[PDB]
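**Q** The following block contains the structure, expressed as structure tokens.
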Amino acid sequence: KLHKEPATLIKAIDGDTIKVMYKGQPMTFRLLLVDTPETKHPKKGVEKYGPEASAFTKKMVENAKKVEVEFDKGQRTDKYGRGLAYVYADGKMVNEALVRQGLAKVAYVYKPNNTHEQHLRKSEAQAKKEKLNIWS
């Protein structure tokens with residue numbers, strides 16, 4: 062069973078990446094299962110809806126009373142030292158909010174870090190149907 066652990070927001074970095082204090086140490090977290098358009102894309106730089114996805118993640122985490130992180134069943138860090146987690150702001154999953162708003166696509170998925178995959182897929186299908194943002 063996954064469980065939520067508290068974290069304290071330091072800085073929102075991009076639509077898909079936030080820096081937090083976790084267990085008394087600053088740590089970067091990459092949001093599991095979502096791909097946002099980036100403003101800090103390695104080759105490309107600033108993509109369309111990049112600034113909007115970024116502002117959405119920022120406002121959601123900055124205005125929250127409680128930020129929590131939830132690790133999945135598999136690897137907890139990627140090759141860059143980033144935590145891989147579902148992030149919650151006052152009980153609402155940020156990863157899902159992004160997908161629901163048409164500001165992220167569901168990523169290519171890596172077993173066993175796929176626990177909320179079907180939940181996210183359902184939100185993406187609704188955003189497609191409503192033709193939001195990325196899907197407009």
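Heads up: the sequence shown runs through residues 62 to 197, numbered per mature numbering (1 follows the signal peptide of the UniProt record, and there is no 0). Each residue gets a CB set at the ideal place from its N, CA and C atoms; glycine is no exception.
#1: Go ahead and label residue 93 buried or exposed: buried means 16 or more other beta carbons lie within 10 angstroms of its beta carbon, across all protein chains shown.
#2: Can a CB atom of chain D be found closer than 8 Å to the CB of residue 88?
#3: Rounded to the nearest angstrom, what separates residue 128 and residue 113 at their Cα positions?
#4: Drop a sphere of 10 angstroms on the beta-carbon of residue 99, count the other beta-carbons inside from all chains shown, and report buried for 16 or more, exposed for fewer.
#5: Determine, using beta-carbon pairs with one atom in the stretch 144-164 and one in the stretch 106-125, whether at least three such pairs fall under 8 Å.
#6: What are the start and end residues of each continuous beta strand (DSSP E) run of 3 or more residues lying completely inside the stretch 121-155, in chain order?
**A** So, from the data block:
#1: buried
#2: Of the chains in the structure shown, none is chain D; there is only one protein chain.
#3: If I take the Cα positions, the gap works out to 21 Å.
#4: buried
#5: Verdict: yes, contact present.
#6: 128-132, 144-150
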